[PDB]
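In what follows, a structure is listed as C-alpha cells, so that the remarks can point back to it.
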Amino acid sequence: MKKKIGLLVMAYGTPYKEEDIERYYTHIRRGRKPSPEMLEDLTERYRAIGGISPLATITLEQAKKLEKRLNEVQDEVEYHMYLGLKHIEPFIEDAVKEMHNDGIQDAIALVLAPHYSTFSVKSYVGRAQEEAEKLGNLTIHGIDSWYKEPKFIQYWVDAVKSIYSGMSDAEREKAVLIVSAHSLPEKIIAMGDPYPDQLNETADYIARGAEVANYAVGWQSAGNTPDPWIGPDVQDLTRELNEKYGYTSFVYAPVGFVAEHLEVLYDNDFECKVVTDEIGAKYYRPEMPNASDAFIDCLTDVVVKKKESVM
C-alpha cells in the first residue's frame, strides 16, 4: 500500500570538525587549496561565532524531523530521506547512489533555501539529476522554490512580530526591517534569473502580515570576483538608510537562510552590529527557523504539495 518515495534533502554543507575547514574551503575553491592567510581568517571567523560543531547538526536535524513529520501527517506514502551536501560528506552523488541501491524509483528533491536561482537549480537539483540518468530508472522531481508557502511567511511574520511588539511606539517609527539573502553575480539578472524579484516579494509579504511600516531588501555574503555581485550589501545599506531616513533601529531578517550558520552568526550578528554600533543604532536579529517544529510543519506542506503535483 505505502508507495516508497525518496526524499532528497539538499544544502551547502558545513565543517563537522576544525580539521574539515581546509578540505571544505578546498572543495569550495574548485579543489584549489586556500593560502595560510585565507585559512587563518576563515578559522578566526568560526572561533568568533563560538565554534564549528553546533552549526553542523542543524541541517541533519531539519532533514530527520521532516522525514518523521511527513510519515505521520499522511498514510498514503512512505517517505525515505537521503541527505546530500554540496561541499562535504555526505555528498549529493553519494546520497543519490544510496537511493538507487535501495530501489527508490521516484524522489522529491528539496533545497534548504526558499528561493529559486539558477545557481541553486544547477548546484543541487541539476547535479542530482546527472547521477539519476547515469544510473538509470530514477526520476528526481525538483521543487523550484517555496517562498510563497503560507506557513513559511507566517513563521517570519510571527518572528518579526515578537521584536516589534517589544518596541516603544516611538522607536517603532525610527525602525526598519531589513530583508536579506545570499548575493550572486549580477550576470544572472540579464540572463533572466528571478531571484531578486522573489526576495522582493518575500519582503512584501512579511512586512504586510507583520504590519511593519518600513522595510528594505539587502544582500550579504558576496564572494570575491572581478565580476560585480548583486547589491546593495547589508553593511552599506544600513548606513544609507540611516543617512537619508534616520533609522535608529534595524531588524535583520536573513530570509534566504533557514539556519544559524556562519553567514548569519558572522555576516549579520558580527558585521552588521558593527555598522549599528557606529551610527548609534539598535540591532535586532530574530531566531532563524533552524529545526523548530513550526518550520518542519512548513516543509511538510511544501513536500505534500509537490507530491500532489507529481502523483
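Residues are named by chain letter and number: chains run A, B, ... in the order of the C-alpha cells, numbers start at 1 in each chain, and ligands are numbered from 1 in the order shown.
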For region 72-186 of chain A against region 259-269 of chain A, with a cut-off of 12 Å and counting only C-alpha atoms, what is the closest atom pair and its distance in Å to one decimal for every residue that makes the cut, ordered by chain and number, as CSV?
residue,atom,partner,partner_atom,distance
A:112,CA,A:259,CA,9.1
A:113,CA,A:259,CA,9.6
A:114,CA,A:259,CA,11.9
A:178,CA,A:268,CA,10.8
A:179,CA,A:268,CA,11.4
A:180,CA,A:268,CA,9.9
A:181,CA,A:263,CA,9.7
A:182,CA,A:263,CA,8.4
A:183,CA,A:263,CA,11.2
Which neighbours of region 40-46 of chain A fall inside 9 Å, counting only C-alpha atoms, when residues of the same chain fewer than 3 positions from it are skipped, and could you give them as a short mmCIF file (atom, residue, chain, number, x, y, z; two decimals) with C-alpha atoms, in the first residue's frame?
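Result file follows (part.cif):
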data_model
loop_
_atom_site.label_atom_id
_atom_site.label_comp_id
_atom_site.auth_asym_id
_atom_site.auth_seq_id
_atom_site.Cartn_x
_atom_site.Cartn_y
_atom_site.Cartn_z
CA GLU A 18 38.06 22.09 12.78
CA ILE A 21 37.80 23.59 7.38
CA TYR A 25 37.40 25.51 1.68
CA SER A 35 46.58 30.07 1.38
CA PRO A 36 47.68 30.39 5.07
CA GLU A 37 46.26 33.94 5.19
CA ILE A 49 30.91 32.82 16.50
CA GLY A 50 31.53 30.17 19.19
CA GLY A 51 32.72 27.17 17.20
CA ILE A 52 32.02 24.99 14.18
CA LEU A 262 28.43 31.22 9.52
CA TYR A 266 29.07 36.39 11.40
#
Handout entry: Which of A:250, A:205, A:79, A:16 sits closest to residue 307 (chain A) [using only C-alpha atoms]
Key =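 For residue 307 (chain A), the nearest of the given residues is A:79.
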Practice task
Could you check which of A:216, A:77, A:32, A:57 is closest to residue 311 (chain A), using only C-alpha atoms?
Solution key: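 Result for the nearest residue to residue 311 (chain A): A:77.
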Handout entry: Within 10 Å of residue 93 (chain A) using only C-alpha atoms, minus same-chain residues under 4 positions, as a ChimeraX atom specification
Key = /A:84-86,89,97-99,127-132
Could the residues in this selection be written to a file with N, CA and C atoms, as an mmCIF file, in the first residue's frame?
data_model
loop_
_atom_site.group_PDB
_atom_site.id
_atom_site.type_symbol
_atom_site.label_atom_id
_atom_site.label_comp_id
_atom_site.auth_asym_id
_atom_site.auth_seq_id
_atom_site.Cartn_x
_atom_site.Cartn_y
_atom_site.Cartn_z
ATOM 1 N N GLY A 84 21.991 15.076 0.922
ATOM 2 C CA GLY A 84 23.122 15.316 0.021
ATOM 3 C C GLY A 84 23.637 16.736 0.152
ATOM 4 N N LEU A 85 24.913 16.882 0.494
ATOM 5 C CA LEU A 85 25.524 18.208 0.635
ATOM 6 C C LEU A 85 26.431 18.505 -0.550
ATOM 7 N N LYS A 86 26.629 19.791 -0.823
ATOM 8 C CA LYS A 86 27.434 20.216 -1.957
ATOM 9 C C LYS A 86 28.942 20.080 -1.700
ATOM 10 N N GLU A 89 30.850 15.598 2.872
ATOM 11 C CA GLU A 89 30.126 14.339 3.045
ATOM 12 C C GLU A 89 28.928 14.529 3.978
ATOM 13 N N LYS A 97 23.184 7.790 -4.896
ATOM 14 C CA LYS A 97 23.716 6.449 -5.115
ATOM 15 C C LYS A 97 23.075 5.465 -4.145
ATOM 16 N N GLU A 98 22.923 5.895 -2.895
ATOM 17 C CA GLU A 98 22.275 5.096 -1.856
ATOM 18 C C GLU A 98 20.800 4.889 -2.200
ATOM 19 N N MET A 99 20.171 5.960 -2.675
ATOM 20 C CA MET A 99 18.774 5.971 -3.094
ATOM 21 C C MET A 99 18.523 4.964 -4.217
ATOM 22 N N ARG A 127 22.452 18.809 -10.426
ATOM 23 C CA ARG A 127 23.582 17.935 -10.087
ATOM 24 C C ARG A 127 23.079 16.538 -9.719
ATOM 25 N N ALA A 128 21.975 16.500 -8.972
ATOM 26 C CA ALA A 128 21.316 15.255 -8.576
ATOM 27 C C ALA A 128 20.767 14.475 -9.770
ATOM 28 N N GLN A 129 20.206 15.190 -10.744
ATOM 29 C CA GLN A 129 19.622 14.569 -11.937
ATOM 30 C C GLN A 129 20.667 14.014 -12.909
ATOM 31 N N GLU A 130 21.917 14.447 -12.755
ATOM 32 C CA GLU A 130 23.023 13.980 -13.587
ATOM 33 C C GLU A 130 23.469 12.567 -13.217
ATOM 34 N N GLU A 131 23.282 12.193 -11.952
ATOM 35 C CA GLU A 131 23.561 10.826 -11.497
ATOM 36 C C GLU A 131 22.339 9.932 -11.700
ATOM 37 N N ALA A 132 21.156 10.515 -11.510
ATOM 38 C CA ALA A 132 19.880 9.833 -11.738
ATOM 39 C C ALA A 132 19.776 9.228 -13.141
#
Problem - DSSP strand (DSSP E or B) residues within region 155-207 of chain A, as a count of residues only - result: 9
Exercise for the section: Can you pull out every residue within 10 Å of residue 4 (chain A), counting only C-alpha atoms, but drop anything in the same chain fewer than 5 positions away, and send it as a list in words? Expected result: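 Using only C-alpha atoms, the neighbours found are residues 76, 77, 78, 79, 80, 103, 104, 105, 106 and 107 of chain A.
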Serialized selection, C-alpha atoms, as a tab-separated table (two decimals), in the first residue's frame:
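Final file, out.tsv:
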chain	number	residue	atom	x	y	z
A	76	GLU	CA	-0.69	7.17	1.68
A	77	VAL	CA	3.10	7.30	1.12
A	78	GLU	CA	6.24	6.23	2.97
A	79	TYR	CA	9.00	8.84	2.68
A	80	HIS	CA	12.61	7.66	2.84
A	103	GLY	CA	15.34	0.62	-5.14
A	104	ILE	CA	13.84	4.14	-4.94
A	105	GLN	CA	12.21	4.87	-8.34
A	106	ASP	CA	10.90	8.40	-7.74
A	107	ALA	CA	12.36	11.02	-5.41
Exercise for the section: If you run DSSP over the backbone, which residues in region 131-222 of chain A end up helix (DSSP H, G or I)? Put them as a VMD selection string. Expected result: chain A and resid 131 to 135 150 to 165 169 to 173 187 to 191 195 to 210
Per residue of region 1-30 of chain A within 12 Å of region 288-306 of chain A, note the shortest atom pair and the distance in Å to one decimal, counting only C-alpha atoms, and order the rows by chain and increasing residue number, as CSV.
residue,atom,partner,partner_atom,distance
A:5,CA,A:303,CA,11.1
A:6,CA,A:303,CA,11.3
A:7,CA,A:303,CA,8.9
A:8,CA,A:303,CA,10.8
A:9,CA,A:303,CA,10.7
Keeping only N, CA and C atoms, write the selected residues as a PDB file, in the first residue's frame.
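result.pdb was written with the following content:
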ATOM      1  N   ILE A   5       8.617   6.605  -1.579  1.00  0.00           N
ATOM      2  CA  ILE A   5       9.122   7.784  -2.270  1.00  0.00           C
ATOM      3  C   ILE A   5      10.397   8.263  -1.583  1.00  0.00           C
ATOM      4  N   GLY A   6      11.426   8.531  -2.382  1.00  0.00           N
ATOM      5  CA  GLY A   6      12.677   9.071  -1.870  1.00  0.00           C
ATOM      6  C   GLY A   6      12.543  10.547  -1.560  1.00  0.00           C
ATOM      7  N   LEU A   7      13.115  10.966  -0.436  1.00  0.00           N
ATOM      8  CA  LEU A   7      13.159  12.376  -0.092  1.00  0.00           C
ATOM      9  C   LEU A   7      14.602  12.865  -0.067  1.00  0.00           C
ATOM     10  N   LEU A   8      14.995  13.556  -1.134  1.00  0.00           N
ATOM     11  CA  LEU A   8      16.338  14.091  -1.262  1.00  0.00           C
ATOM     12  C   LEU A   8      16.400  15.510  -0.692  1.00  0.00           C
ATOM     13  N   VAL A   9      17.001  15.648   0.485  1.00  0.00           N
ATOM     14  CA  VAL A   9      17.158  16.962   1.122  1.00  0.00           C
ATOM     15  C   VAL A   9      18.579  17.488   0.904  1.00  0.00           C
TER      16      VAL A   9
END
